[PDB]
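Take a look at the structure set out below.
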Amino acid sequence: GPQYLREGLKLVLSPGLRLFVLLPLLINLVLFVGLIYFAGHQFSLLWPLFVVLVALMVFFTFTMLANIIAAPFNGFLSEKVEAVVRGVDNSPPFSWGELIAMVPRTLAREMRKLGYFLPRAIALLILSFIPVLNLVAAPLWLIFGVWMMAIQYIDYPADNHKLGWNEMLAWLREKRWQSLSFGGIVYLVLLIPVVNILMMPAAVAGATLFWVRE
Amino acid sequence: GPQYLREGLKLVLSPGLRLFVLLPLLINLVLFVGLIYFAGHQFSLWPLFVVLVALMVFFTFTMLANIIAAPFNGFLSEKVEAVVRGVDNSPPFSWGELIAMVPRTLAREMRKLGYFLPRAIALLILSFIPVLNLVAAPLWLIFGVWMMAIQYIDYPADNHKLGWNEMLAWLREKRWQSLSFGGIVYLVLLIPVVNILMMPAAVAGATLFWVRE
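What follows is the structure, encoded as structure tokens:
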């Protein structure tokens with residue numbers, strides 16, 4: 008179960024994939040470093075509450091944009107990590123221009139993902155401030171959190187092969203244990219603020235692997 | 008433990024105290040009704076940003092609510108002492124008396140919030156650290172009960188001149204019964220409707236706390 012993710016690390020490190028692996032890993036890192044540069048300088052440019079608050083704003087918008095921009099790039103590698111473990115062994119000849127074709131579909135999928143996320147995200151936040159109910163908000167956030175990991179990454183290979191919007195989810199439901207496992211371990215590793223930059227493509231690798239073996 | 012609070016409910020209903028009981032009970036009631044009127048009309052004028080102004084007006088409303096209803100509590104607090112003590116039932120205290128407490132209660136309240144806000148903000152930051160959140164609400168429950176103890180038990184202990192720290196120390200000296208009183212009081216605070224009546228019952232119970240210990 009975390010083995011999918013580990014093998015995803017093995018494949019993400021494959022010499023043939025390294026182009027397609029390092030491609031979104033560089034735009035993601037400059038954005039990660041691009042954060043603290045913009046956060047250090049501009050964020051400085072009652073009150074404590076408001077500051078923690080707007081900080082959270084910044085974090086939310088930052089995350090959301092990071093995902094919507096890295097969305098197509100992940101969908102691309104998804105096909106390629108599939109290729110490697112499948113027919114076209116290791117390095118598969120895919121050109122740059124290819125990326126142009128995935129732009130509409132991947133972005134549609136991503137925005138659909140955020141439209142699934144936000145309302146349940148808002149519901150859990152509101153449960154988080156009902157003085158005696160809060161005791162179960164965080165464990166709900168956590169479970170909803172890792173299921174949100176599952177669909178986020180298991181969506182890439184299952185969109186490359188045409189699938190309905192709900193259908194994917196239903197399949198995600200049709201085997202909840204392994205989904206929750208994969209999303210789970212990918213979440214645990216997601217926590218680490220440094221190694222995660224490499225583990226995010228490791229994620230989509232493991233997820234394409236996940237559909238391949240199922 | 009909650010019997011001191013219940014006894015407060017008995018005292019808060021005593022025919023002699025009904026003046027001093029119905030003094031803050033009306034200004035708090037009109038502020039409770041005054042909340043939803045202003046929130047019904049003005050809030051529309053104002074989703075994440077929406078939830079933002081929402082929580083903002085909620086907790087800021089409670090803040091101004093405390094700094095406004097602060098003097099009236101201290102006033103009643105002196106009476107429930109008197110009532111259960113020497114001057115039985117109705118104790119003859121006139122309106123102008125209040126004027127003497129306004130400077131002290133406000134200088135005590137902003138100290139409570141000075142105590143509260145940074146610990147409040149300390150827990151909020153704890154509530155967004157991914158795997159650590161699992162214990163943020165339990166802390167918030169404990170911290171929320173201890174925030175009821177020092178809220179009300181501070182009234183009679185401020186009538187009898189005590190330091191801001193010293194009170195806390197005494198509250199620390201007997202943690203269990205403090206957490207008890209503040210505990211039940213918090214549990215009754217949750218009720219959105221009955222709390223308006225149990226808010227004055229609480230301070231009565233707290234003076235009772237200072238008295239019986």
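Keeping their order, the protein sequence lines are chains B and A.
Under PDB author numbering, the residues of the first sequence are numbered 8 to 52, 72 to 240, in order.
Under PDB author numbering, the residues of the second sequence are numbered 8 to 53, 74 to 240, in order.
Yeah, the Cβ is synthetic: ideal placement off N, Cα and C, and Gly gets one too.
List the residues of chain A that residue i touches, going by C-beta distances under 9 Å, in chain order.
| i | result |
| --- | --- |
| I148 (chain B) | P74, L75, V78 |
| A233 (chain B) | Near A233 (chain B) there are no residues of chain A at all, since even the closest Cβ is about 21 Å away, more than 9 Å. |
Restricting to Cα atoms, I'd like to know which of the options is closest to residue i.
| i | options | result |
| --- | --- | --- |
| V129 (chain B) | B:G47, B:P119, B:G101, B:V158 | B:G101 |
| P157 (chain B) | A:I169, A:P74, A:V80 | A:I169 |
| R202 (chain B) | B:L217, B:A134, B:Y179, B:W173 | B:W173 |
| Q49 (chain A) | A:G15, A:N35, A:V84 | A:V84 |
| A147 (chain B) | B:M90, B:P74, B:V40 | B:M90 |
| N186 (chain A) | A:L75, A:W167, A:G47, A:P98 | A:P98 |
| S104 (chain A) | A:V215, A:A196, A:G15 | A:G15 |
| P119 (chain B) | B:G209, B:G23, B:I211 | B:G23 |
| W167 (chain A) | B:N160, B:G209, B:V212 | B:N160 |
| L133 (chain A) | A:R13, A:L30, A:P9, A:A92 | A:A92 |
| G141 (chain A) | B:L72, B:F143, B:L125 | B:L72 |
| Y11 (chain B) | B:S207, B:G171, B:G123 | B:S207 |
| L144 (chain A) | B:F39, B:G123, B:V40, B:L75 | B:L75 |
| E136 (chain B) | B:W122, B:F86, B:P165, B:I94 | B:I94 |
| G209 (chain B) | B:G171, B:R131, B:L195, B:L33 | B:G171 |
9 Å is my cut-off, CB to CB: does residue i come that close to chain A?
| i | result |
| --- | --- |
| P157 (chain B) | yes |
| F86 (chain B) | yes |
| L36 (chain B) | no |
| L12 (chain B) | no |
Is there at least one Cβ from chain B nearer than 9 Å to residue i's Cβ?
| i | result |
| --- | --- |
| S154 (chain A) | yes |
| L82 (chain A) | yes |
| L217 (chain A) | yes |
| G171 (chain A) | yes |
| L144 (chain A) | yes |
In chain E, what lies closer than 8 Å to residue i by C-beta?
| i | result |
| --- | --- |
| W167 (chain A) | The chain inventory of the structure shown lacks chain E, comprising the protein chains B and A. |
By the criterion of Cβ-Cβ separation under 7 Å, what are the contact partners of residue i in chain B?
| i | result |
| --- | --- |
| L91 (chain A) | Correct list: empty, because the minimum Cβ distance to chain B is about 11 Å. |
| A163 (chain A) | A164 |
Please list, in chain order, the chain A residues whose beta carbon lies closer than 8 Å to that of residue i.
| i | result |
| --- | --- |
| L151 (chain B) | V78 |
Tell me which residues share the same chain as residue i and place their Cβ nearer than 7 Å to its Cβ, disregarding the 5 neighbours each side in the sequence.
| i | result |
| --- | --- |
| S21 (chain A) | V110, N116 |
| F88 (chain A) | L42 |
| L198 (chain A) | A176, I177, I180, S205 |
| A163 (chain B) | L150, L153, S154 |
| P183 (chain B) | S104, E108, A233, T234, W237 |
| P31 (chain B) | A96, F99, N100, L103, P227 |
| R138 (chain A) | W191 |
| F39 (chain B) | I223 |
Give every residue of the same chain whose Cβ lies closer than 6 Å to the Cβ of residue i, excluding the five residues on either side of it in the sequence, and list them in chain order.
| i | result |
| --- | --- |
| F27 (chain A) | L103, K106 |
| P9 (chain B) | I211 |
| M225 (chain A) | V215 |
| residue 61 (chain A) | Residue numbering in chain A jumps from 53 to 74; residue 61 (chain A), which lies between, is not modelled. |
Indicate whether the contact test is met: 3 or more Cβ pairs, each with one atom in the segment 91 to 109 of chain B and one in the segment 229 to 240 of chain B, closer than 8 Å.
-> At 8 Å Cβ cutoff, the stretches touch.
Cβ contact check for the segment 222 to 235 of chain A and the segment 176 to 195 of chain A: 3 or more pairs under 8 Å | The segment 222 to 235 of chain A is in contact with the segment 176 to 195 of chain A.
Check whether the segment 188 to 201 of chain A touches the segment 212 to 222 of chain B, taking contact to mean three or more Cβ pairs, one atom from each stretch, closer than 8 Å.
-> Taking 8 Å as the limit for Cβ pairs, the verdict is that the segment 212 to 222 of chain B does not touch the segment 188 to 201 of chain A.
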